[PDB]
Each structure stands twice: as structure tokens, then as C-alpha cells.
Amino acid sequence: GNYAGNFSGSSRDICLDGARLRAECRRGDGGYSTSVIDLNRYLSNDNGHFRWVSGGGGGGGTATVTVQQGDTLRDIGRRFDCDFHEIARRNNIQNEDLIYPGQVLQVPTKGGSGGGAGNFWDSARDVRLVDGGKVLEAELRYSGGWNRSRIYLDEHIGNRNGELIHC
Numbered sequence: 003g004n005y006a007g008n009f010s011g012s013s014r015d016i017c018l019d020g021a022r023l024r025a026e027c028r029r030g031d032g033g034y035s036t037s038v039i040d041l042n043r044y045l046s047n048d049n050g051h052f053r054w055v056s057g058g059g060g061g062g063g064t065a066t067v068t069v070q071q072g073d074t075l076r077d078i079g080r081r082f083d084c085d086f087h088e089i090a091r092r093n094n095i096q097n098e099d100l101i102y103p104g105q106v107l108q109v110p111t112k113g114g115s116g117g118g119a120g121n122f123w124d125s126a127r128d129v130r131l132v133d134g135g136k137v138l139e140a141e142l143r144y145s146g147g148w149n150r151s152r153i154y155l156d157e158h159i160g161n162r163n164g165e166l167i168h169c
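Just so we're on the same page, my numbering is the position in the sequence shown counted from 1, plus 2.
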């Protein structure tokens, strides 16, 4: 079926304004409500292929993440696709040192929220939603010029009581 969003399953008239996804998300009331979200900060044009952020993750540089309850260097590393050793080295701790909740560690990349993560639109032309928002088709610029690619908004875009939420 769908991935995590499933918004296409209850949201109708799913059509974005270039990159601003707009769908009539069905609320628990059994009614439809016009919801709109910026996919321009979630979808990226990776070599002529629609991809969420960068596919899986990735980073570069030095950022600071806050350790949560029950997390270790190893968990942080796996979560932000960083090396637990590096995280440790940056904090002057060891990988198997085991960290504590409410701590701030230096990791090469953060998690993000919705600010400069996609930018597909910057190199996308004639962007249109198809199959009911479960698929998004556009001409993505790449090494070979322009290629028609698509992405499933229903993957992470879910309808939360008439509100388009990313998961």
C-alpha cells in the first residue's frame, strides 16, 4: 500500500503549486479540509530523481545534537548517519563511553525540520501531482539536462485530521 503518509488514502484533490502540496485531507469528522504543505523543503531533485532530502541522510561539517533518554553514541551515530566515534571524539568521550539524556554532542549533521532540505523546485519544471498525490511528476534538471522523475508524497505525507503532516 502506501508508506507512512497514506494521505492520498483520505485526502482528495491533491495538487501542489509547483512545490506547495495541497490536498483535501479528510478529517475524522468525515469531512475534507484544504491542507497545503511546502514539499520544496522535503523533495530534492537528485540527478533527475525525486528524493526526500537526500534519500536516507548524510551531512557535512560540525553541528550539535541533543542526546535523548536511552541513547548512546552508537544510537546517535546510527540515527544521524554519523560515526559514534566521531561524536565521542568531538565531545572528548569514547564511543562505548555511553552518553546521557539531555546532553549535546557534536555531530556532522542535524536532523532538520523543513528548511533547506529539498530544493527540487529550483531545478524542477512542470511539476504536477498524479495518481492522487501518491505520485509527483516533474522535469528534474541533472547531468543529462532534464529528466522526468516522480516521487510518492504519500510516503511521508500523511493526513492528520485535515492537516498534511510529514512522517
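All C-beta atoms, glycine included, are put in the ideal place defined by N, C-alpha and C.
Pick from the options that is closest to residue i, judged by C-alpha positions
| i | options | result |
| --- | --- | --- |
| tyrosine 44 | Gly30, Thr66, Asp124, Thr74 | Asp124 |
| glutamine 96 | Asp85, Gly104, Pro103 | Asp85 |
| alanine 21 | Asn149, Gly135, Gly147 | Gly135 |
| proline 103 | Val137, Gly59, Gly72 | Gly72 |
| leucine 75 | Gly164, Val55, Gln108 | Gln108 |
| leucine 41 | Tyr34, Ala25, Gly30, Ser35 | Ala25 |
| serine 56 | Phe122, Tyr5, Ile89 | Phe122 |
| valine 106 | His87, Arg127, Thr66, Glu157 | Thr66 |
| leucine 142 | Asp133, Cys17, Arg127 | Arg127 |
| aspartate 19 | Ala140, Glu157, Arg92 | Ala140 |
| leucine 138 | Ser12, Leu23, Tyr5 | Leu23 |
Buried versus exposed call for residue i [16 or more other C-beta atoms within 10 Å across all chains shown]
| i | result |
| --- | --- |
| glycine 113 | exposed |
| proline 110 | buried |
| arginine 28 | buried |
| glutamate 98 | exposed |
| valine 129 | buried |
| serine 115 | exposed |
| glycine 164 | buried |
Residue i - partner residues in DSSP beta bridges
| i | result |
| --- | --- |
| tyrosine 34 | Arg28 |
| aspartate 19 | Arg22 |
| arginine 130 | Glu139 |
| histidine 168 | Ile159 |
| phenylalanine 52 | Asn47 |
| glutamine 105 | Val69 |
| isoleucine 153 | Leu138 |
| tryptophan 148 | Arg143 |
| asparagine 8 | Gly160 |
| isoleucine 39 | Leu23 |
| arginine 14 | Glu26 |
Backbone CA spacing between residue i and residue j [nearest angstrom]
| i | j | result |
| --- | --- | --- |
| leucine 100 | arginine 14 | 47 Å |
| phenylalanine 82 | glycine 32 | 38 Å |
| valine 69 | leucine 166 | 28 Å |
| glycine 160 | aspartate 77 | 27 Å |
| residue 176 | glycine 79 | For residue 176 there is no data in the structure shown, the boundaries of the chain being 3 and 169. |
| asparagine 47 | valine 38 | 20 Å |
| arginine 162 | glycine 7 | 9 Å |
| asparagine 94 | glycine 117 | 30 Å |
| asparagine 149 | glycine 120 | 17 Å |
| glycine 3 | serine 145 | 33 Å |
| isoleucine 16 | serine 10 | 7 Å |
| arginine 91 | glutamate 157 | 36 Å |
- Message: Measuring CB atoms only, is the region 43-63 touching the region 146-162, in the sense that at least three cross pairs come out at less than 8 Å?
- Response: Contact between the region 43-63 and the region 146-162 is present, because at least three Cβ pairs lie under 8 Å.
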